Amino acid sequence: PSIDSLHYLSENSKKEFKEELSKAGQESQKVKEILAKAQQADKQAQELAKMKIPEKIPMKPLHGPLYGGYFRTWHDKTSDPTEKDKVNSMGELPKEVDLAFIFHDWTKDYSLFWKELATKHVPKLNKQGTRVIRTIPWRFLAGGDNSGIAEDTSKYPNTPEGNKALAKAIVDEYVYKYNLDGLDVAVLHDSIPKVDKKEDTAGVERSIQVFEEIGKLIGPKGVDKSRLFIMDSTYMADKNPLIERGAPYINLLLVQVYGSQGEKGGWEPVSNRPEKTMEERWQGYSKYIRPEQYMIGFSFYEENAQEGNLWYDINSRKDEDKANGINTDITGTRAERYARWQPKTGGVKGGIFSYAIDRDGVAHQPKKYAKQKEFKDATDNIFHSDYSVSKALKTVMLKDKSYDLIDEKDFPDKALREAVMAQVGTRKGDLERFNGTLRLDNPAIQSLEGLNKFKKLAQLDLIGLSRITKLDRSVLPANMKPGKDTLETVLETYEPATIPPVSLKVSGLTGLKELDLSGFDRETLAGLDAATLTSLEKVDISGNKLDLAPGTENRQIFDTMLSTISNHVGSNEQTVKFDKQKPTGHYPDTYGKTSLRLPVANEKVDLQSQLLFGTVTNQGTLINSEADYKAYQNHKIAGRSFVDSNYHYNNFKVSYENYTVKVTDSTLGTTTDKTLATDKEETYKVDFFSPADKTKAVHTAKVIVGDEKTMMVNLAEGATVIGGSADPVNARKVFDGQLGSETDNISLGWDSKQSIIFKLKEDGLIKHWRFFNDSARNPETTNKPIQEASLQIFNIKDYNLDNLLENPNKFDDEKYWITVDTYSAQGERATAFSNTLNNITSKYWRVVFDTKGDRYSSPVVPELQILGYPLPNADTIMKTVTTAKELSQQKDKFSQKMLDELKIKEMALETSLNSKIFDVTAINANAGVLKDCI
Ligand SMILES: CC(=O)N[C@@H]1[C@@H](O)[C@H](O[C@@H]2O[C@H](CO[C@H]3O[C@H](CO)[C@@H](O)[C@H](O)[C@@H]3O[C@@H]3O[C@H](CO)[C@@H](O[C@@H]4O[C@H](CO)[C@H](O)[C@H](O)[C@H]4O)[C@H](O)[C@H]3NC(C)=O)[C@@H](O)[C@H](O[C@H]3O[C@H](CO)[C@@H](O)[C@H](O)[C@@H]3O[C@@H]3O[C@H](CO)[C@@H](O[C@@H]4O[C@H](CO)[C@H](O)[C@H](O)[C@H]4O)[C@H](O)[C@H]3NC(C)=O)[C@@H]2O)[C@@H](CO)O[C@H]1O
Ligand SMILES: [Ca+2]
Ligand code: NI
């Protein structure tokens with residue numbers, strides 16, 4: 001009986017039986033048993049082809065806290081009847097299990113477990129209410145590495161039509177083949193599609209398309225909605241590649257959160273806080289599914305588990321009790337906390353599930369034996385479970401008020417009750433947690449009794465409710481006023497949240513007579529369409545944080561309601577109330593003081609108080625002083641003010657201490673003192689910074705003491721290094737505009753004196769220069785300071801620039817350069833040095849620094865700055881100046897009269913090059929006149 005002629009065995013099972021052939025390939029007596037079993041395996045395989053899948057028992061739709069479980073096929077006593085220690089059966093799962101997940105592995109194709117499942121387990125579990133679900137890995141929807149059916153790439157190509165063929169083939173193979181109740185797709189890192197044992201991106205993308213086609217067949221958006229379409233994952237929502245396009249097609253999301261990591265989250269010591277927490281996890285998924293579809297999972301103790309697969313989600317065997325492999329108490333377990341857990345927002349959860357439910361009741365191997373790979377504990381044997389833990393957990397949830405149905409004692413009005421259920425949910429627990437939008441626009445609503453049940457409602461739209469006549473605290477959500485979360489957590493951890501007060505939109509309540517919003521600390525009235533509240537007779541908005549100044553939207557909503565009430569019953573101290581306001585002072589988005597001009601005097605200004613100031617309400621009223629706020633307290637409505645008599649300018653004002661400052665003079669010198677001295681004529685740029693950010697400024701201003709000067713630029717930034725002893729990679733960092741961090745080595749080179757040869761970016765007129773000592777970057781730096789330095793330009797009159805450019809290193813001698821300024825440290829602590837330069841024009845430069853330290857003395861220069869203004873053709877213009885001066889001495893060639901006119905023009909040009917306001921257009925005009933006169 002060859003194995004190639006068996007017909008009914010799957011090619012996989014045949015690939016197995018022929019490998020077992022190779023072993024003992026010629027042993028006379030073992031070549032028998034392998035064929036004799038490959039046959040008996042074929043007899044079984046053909047009994048699976050001819051079994052009769054029972055007719056589907058119709059089942060009640062899902063409802064209430066659900067409890068699922070993953071039964072490991074290889075622990076069913078029919079998986080491999082030769083292993084007589086496997087005693088459990090999936091059919092024995094009690095009615096408390098709403099979802100029994102077939103979790104497949106190690107059970108042979110030809111196993112008769114599949115005939116016990118189809119013809120006995122499904123009928124039994126179905127008659128009691130338990131749905132049976134097949135679990136398949138992510139990779140079954142794409143790729144070819146263990147992709148099961150999808151390995152056949154010709155029958156199911158990766159195309160629009162191929163993906164449909166694969167989706168229908170999946171549902172047909174794994175759902176309908178045994179008349180199962182639904183399909184579960186597990187997306188983890190372990191199940192991700194691979195090829196060559198490499199994560200396949202083209203494979204992951206195909207799986208999204210195939211997942212969508214499967215959803216067009218089963219699940220809430222498929223042709224057959226009786227079958228469930230479930231997804232179980234370990235990814236956070238922001239890392240699940242299939243939730244965005246997949247979520248609308250699934251009935252339930254099962255997040256696997258085993259162990260204290262799933263519950264508490266992971267620690268991240270850079271934040272000093274936890275991440276991937278239980279609350280953070282669902283908040284991510286709350287964008288894609290309703291909370292009633294969310295199900296959190298734990299794990300029972302799997303036999304012979306090793307490091308990485310030990311979760312301790314159920315109680316552990318006591319170290320003394322060495323014979324007791326069993327523990328069925330839920331008290332103090334992670335699973336029992338998971339059953340009672342409810343998110344803080346949205347609503348209550350679908351339920352919980354357990355992995356390896358065939359191990360229900362088995363205690364956990366003590367933590368101390370985790371690393372002993374071969375230690376066989378009492379809890380590592382196989383037991384028959386009566387599923388006591390599963391029953392105990394299910395009843396815990398089933399007996400939780402959170403899942404009590406919303407009834408007429410919450411909302412006596414039917415029209416309101418039907419709308420709450422349409423938009424919020426159907427559980428009392430959903431009122432304590434729903435943080436979305438409730439739109440009550442059906443005018444049949446006769447009463448708003450019950451709305452006070454809402455604790456976290458984000459927005460409430462009351463539209464066209466003609467039968468409503470009163471609105472006050474008793475018939476509005478409880479979060480109308482600020483408050484903190486009151487739902488206590490049942491989980492473990494290592495402050496409560498703020499409840500954003502509700503946004504109240506009201507429009508078309510023509511029957512509304514009284515509006516009482518007092519004592520809620522409301523920030524605005526936005527949402528009130530006062531032009532529609534036509535029957536309003538009594539209004540009270542006192543004791544809030546409203547800015548009722550004229551011109552505001554708040555005042556106009558108020559004026560409108562006051563006008564309506566003034567045609568119905570009259571405005572008076574009883575029908576209209578508004579006082580006791582405490583508007584919230586905010587920082588402005590912008591500030592108006594963009595320039596401050598002072599005379600040159602020996603005074604002192606506080607830059608903060610003179611440029612950055614002012615508090616603004618959320619209505620846009622700017623208060624810039626204690627004087628404006630008294631004009632504000634002076635605003636009167638019906639003869640009296642609306643600001644609380646106890647709310648002073650000190651309370652309303654926003655504080656500007658902690659705000660830093662970055663002053664920059666016209667030579668690009670920098671300070672950081674709020675105090676400035678007007679003793680020196682100079683022009684400064686001032687940037688202010690909030691404590692929360694020191695890179696994006698909140699306000700820029702321009703202080704001008706005396707005659708305004710144009711601000712210089714760092715013409716050296718971006719300069720090209722072409723020489724110098726100094727390390728060219730590091731050299732170029734002196735032109736990089738920032739000082740740097742003290743992690744980066746910026747040492748120029750080995751010996752104690754180092755040059756840098758460089759060319760400026762664009763032409764320019766240079767008027768200043770500055771080099772920073774190392775103390776500018778880190779004040780505690782151990783790199784000694786520069787003792788002596790020289791800045792030089794290239795002797796272009798005598799030497800050829802082209803010779804320099806062809807062999808720039810040859811020219812590292814001061815004979816080829818001209819010195820324009822030398823620095824010599826006198827021995828005093830200096831963070832930087834700066835000095836003027838005489839309208840230099842050269843494009844090519846050479847600097848040297850010297851710490852004077854015999855050896856091991858490294859020149860460290862954060863940044864070298866050659867400052868000035870941009871000026872195209874500085875060469876020619878400055879060349880023209882020096883010509884008129886020469887001519888003016890040749891008093892024999894030119895008459896005195898010719899020279900006096902030329903002198904005025906040469907003088908005029910020099911004046912424009914050294915003017916405080918640099919004007920390139922005037923310069924060119926003068927230098928053009930001068931060259932023309934020559
Ligand atoms: C998705 C999900 O549910 N989330 C995770 C769980 O996945 C996770 O549970 C584990 O699941 C393992 C099985 O998962 C596989 O199936 C699911 C569903 O189809 C897939 O989603 C998943 O990716 C796994 O896929 C399977 O992978 C294998 C390996 O590749 C495929 O077959 C092999 O594939 C390779 C290529 O990679 C190659 O081609 C090979 O030839 C091929 O055989 C397989 O095809 C693929 N699925 C299919 C059908 O497509 C469980 O195994 C795991 O449980 C084992 O380990 C725990 C450790 O604590 C034990 O407690 C537990 O009892 C079990 O032990 C194993 O028992 C069998 C029973 O006999 C032992 O077999 C023996 O092995 C011997 C050699 O060691 C001899 O060969 C002997 O003849 C043989 O009988 C086996 O050795 C035991 N192994 C161990 C480790 O003890 C676990 O339940 C859980 C984990 O916490 O978390 C969930 O959230
Ligand atoms: Ca630098
Ligand atoms: Ni062990």
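Refer to the structure above for everything that follows.
Residues numbered from 1 in each chain as written, not as in the entry; some residues may be left out. Chains lettered and ligands numbered in written order. Heavy atoms only, no water. Residues with missing side-chain atoms left out of burial classes, pairs and counts.

Undergrad: Teacher, can you tell me more about the overall build of the chain here?
TA: Each helix and strand in the chain was counted, giving 20 helices and 41 strands. Whereas a compact globule of 934 residues would reach a radius of gyration of roughly 30 Å, the chain reaches 41 Å, over 25% beyond that. In terms of overall dimensions, the chain has a C-alpha envelope of 130 × 100 × 60 Å along the principal axes. (Helix = DSSP H or I, 4+ residues; strand = E, 2+ residues; numbered from the N terminus. Rg over C-alpha atoms; globule rule 2.2 N^0.38 Å.)

Undergrad: So what exactly am I meant to see when it comes to helix α12 (residues 553-565) here?
TA: What sets the pattern is the α-helix's 3.6 residues per turn: residues three or four places apart point alike. Between its terminal C-alpha atoms α12 stretches 19 Å, which fits the 18 Å expected from 13 residues at 1.5 Å a residue. Within the span of α12, buried status applies to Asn554, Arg555, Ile557, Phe558, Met561, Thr564 and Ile565. In this structure, the buried side of α12 is in contact with β19 (514-516), β20 (538-540), β21 (576-577) and β26 (636-637). (Expected span 1.5 Å × (residues − 1). Buried < 20%, exposed > 50% of the residue type's maximum accessible area, 1.4 Å probe, protein only. Contact = heavy atoms within 4.5 Å.)

Undergrad: So what exactly am I meant to see when it comes to the coordination of the calcium ion (ligand 2) here?
TA: A four-donor tetrahedral metal ideally has 109.5 degree angles, and a six-donor octahedral metal ideally has angles of 90 or 180 degrees. The coordination sphere of the calcium ion (ligand 2) contains the protein donors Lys733 (O), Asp736 (OD), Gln738 (O) and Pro862 (O), at a distance range of 2.2 to 2.4 Å. Spacing between the donor residues of the calcium ion (ligand 2) along their common chain follows K-x2-D-x1-Q-x123-P. (Donors = N, O, S within 2.8 Å, 3.2 Å for Na, K, Ca; no water.)

Undergrad: How should I be thinking about the coordination of the nickel ion (ligand 3) in this particular structure?
TA: Donor atoms from the polypeptide that bind the nickel ion (ligand 3) are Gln365 (OE1), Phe375 (O) and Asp380 (OD), placed at 2.4 to 2.7 Å. Read from N- to C-terminus, the donor residues coordinating the nickel ion (ligand 3) fall into the pattern Q-x9-F-x4-D. With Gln365 in the loop between β12 (351-355) and α10 (388-398) and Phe375 in the loop between β12 and α10, this pair connects stretches of sequence that are 10 residues apart. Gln365 gets classed as buried once you look at its relative accessible area, which sits at 2%.

Undergrad: Teacher, can you tell me more about the site of ligand 1 here?
TA: Around ligand 1 sit 23 residues in total, of which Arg139, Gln256, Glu303, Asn309 and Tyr355 are the nearest. Here an oxygen atom of ligand 1 and a side-chain polar atom of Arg139 are 2.5 Å apart. For ligand 1, an oxygen atom lies 2.4 Å from a polar atom in the side chain of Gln256. With the chains in place, 55% of the 1,600 Å² that ligand 1 exposes on its own is no longer accessible. Counted by class, the shell around ligand 1 contains 11 nonpolar, six polar and six charged residues. (Near = heavy atom within 4 Å. Polar contact = N/O pair within 3.5 Å; in protein donor to acceptor, adjacent residues only side chain to side chain. Areas by Shrake-Rupley, 256 points an atom, 1.4 Å probe, with all protein chains shown as cover. Nonpolar A, V, L, I, M, F, W, Y, C, P; charged D, E, K, R; others polar.)

Undergrad: Honestly, the environment of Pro501 in this entry has me stumped. Any pointers?
TA: With respect to the helices and strands, the residue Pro501 is situated in the loop between β17 (498-499) and β18 (503-507). In this structure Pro501 comes out as partly exposed when scored by relative accessible area, which is 38%. Linking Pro501 and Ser563, residues 62 residues apart in sequence, is a C-alpha distance of 28 Å. What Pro501 contacts, discounting residues up to four positions off in sequence, is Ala458, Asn479, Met480, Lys481, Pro482 and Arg522.

Undergrad: Any chance you could explain the sheet that holds strand β36 (residues 765-772) here in plain terms?
TA: Strands in a sheet are paired, the pairing made by backbone hydrogen bonds, and the direction either parallel or antiparallel. Within the open sheet, the four strands sit side by side as β33-β41-β36-β39. Their pairing is antiparallel. Edge strands, defined here as strands with exactly one partner in the open sheet, are β33 (713-714) and β39 (832-840). Note: β33 against strand β41 (residues 864-869), two bridges, orientation antiparallel. Directly across from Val713, in β41, lies its bridge partner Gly868. (Pairing = 2+ DSSP bridges.)

Undergrad: I keep staring at the side chain of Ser207 and nothing clicks. Help me out?
TA: Mapped onto the fold, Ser207 is located in helix α5 (residues 201-215). Here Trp138 takes part through its side chain, which lies 2.9 Å from a polar atom of the side chain of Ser207. Sequence-distant contacts of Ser207, that is, excluding residues within four places in its chain, are made with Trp138, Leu141, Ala142 and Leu242.

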